[PDB]
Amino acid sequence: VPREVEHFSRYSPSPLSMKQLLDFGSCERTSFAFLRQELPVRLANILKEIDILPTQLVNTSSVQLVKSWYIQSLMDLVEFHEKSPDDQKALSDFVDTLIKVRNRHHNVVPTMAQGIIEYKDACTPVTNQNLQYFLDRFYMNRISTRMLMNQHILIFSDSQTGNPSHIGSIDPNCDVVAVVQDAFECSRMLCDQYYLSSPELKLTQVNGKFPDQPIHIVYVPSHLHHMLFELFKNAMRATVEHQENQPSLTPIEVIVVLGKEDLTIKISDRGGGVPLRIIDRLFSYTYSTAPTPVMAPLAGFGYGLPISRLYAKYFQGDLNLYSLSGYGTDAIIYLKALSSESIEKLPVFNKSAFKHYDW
């Protein structure tokens, strides 16, 4: 294990709020001084956990690649530790470095998943509670490093400027309903290619906080779109498959509610539901009632739920599923409505994480 990994893994990650991230964008030098230290810390924390995995998983070519990428990215970043933030060439080189790290890490999620599959096909995955624990942490860690680097790149690079209306990747006036409708349409296009029919959307909105106004919050619309798209793929598959005997499809019903503290989105289907017994299983990485695909897939890799939940929890939200077996399912996303309360939820490698590994 390189000395740099051992060192930087001694620190805890420092979580930021969305409010603070929205302020990257209101000093380059301060964001450089922070990130040059924080990205190594977060890479080093997760690399210590990678080292603890089962030998037969850690030795897959896929995990060895992710480890080699993470270690290179840490080194790339530690090379900036001697530079002055007043050094304008250093700042420029730093943006180019984050662009290289971002491009290098582009296929981390699939690569890790692939390794997880080889392991499964050769040894164990859904009944291994340490692997479930690891993957929530690893993938949350990836969400958080990609969020921080992208914020710096999209505000400070010459060439990658993101949506002119966003601050980095954050929309300070995120049109929640419009994101719902867009993710619904994305899901619908895929569902049509699998079934030649898809349910319609019936949507209702309640602005409890500012009555009769458009619902907006400060949010990262790519993360919100991901959660909704995944829950809609699941609702559409459930609905079509359960109603294949019927002349028409029940709509998917969505309600979006803005209250004082929370933004809540409930997605209700008449897709026949799930036994309460298996609800927890559903949020297990790789768990799916569909065959694992080889390769435009609607279902079967078993990532939609646990990953969508990570996105909701990342800024102190949550995602829950309540089902009525024999009828249908309610999926519910909760997001904090205040940017000052939307604080990164980060894994830390410490005694208590290590130990993790009457009625």
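So that the term is clear: the rigid core is the largest set of C-alpha atoms that superpose within 1.5 Å between two forms. For every residue, the number given is its place in the sequence shown, counted from 1.
- Between stretches 41-49 and 302-310, the one whose Cα atoms sit farther from the displayed model in 7 other deposited structures of this protein on average is 302-310 (core-aligned, root mean square).
- Of the two stretches examined, 110-118 and 68-76, the one with higher mean CA deviation in 7 other deposited structures of this protein after a rigid core fit is 110-118.
- Per the compared records, residue 331 is resolved in all of the other entries whose models span it, so no third of them omit it.
- Residue 321, modelled here, also has coordinates in every other compared entry of this protein that models residues flanking it, well short of the third needed to call it frequently missing.
- Per the record, residue 357 and residue 358 are separated by 4 to 9 deposited residues that have no coordinates.
- Unmodelled stretch separating residue 295 from residue 296: 4 to 9 residues (count of deposited-sequence residues without coordinates).
- The deposited CA B-factor of residue 187 belongs to the middle third of values across its chain.
- When the CA B factors of the chain's modelled residues are split into thirds, the value for residue 213 lands in the highest one.
- In the PDB entry, a CA B factor belonging to the lowest third of its chain's modelled residues is recorded for residue 42.
- Among all modelled residues in its chain, residue 118 ranks in the highest third by Cα B-factor.
- The PDB entry assigns residue 269 a C-alpha temperature factor belonging to the middle third of its chain's modelled residues.
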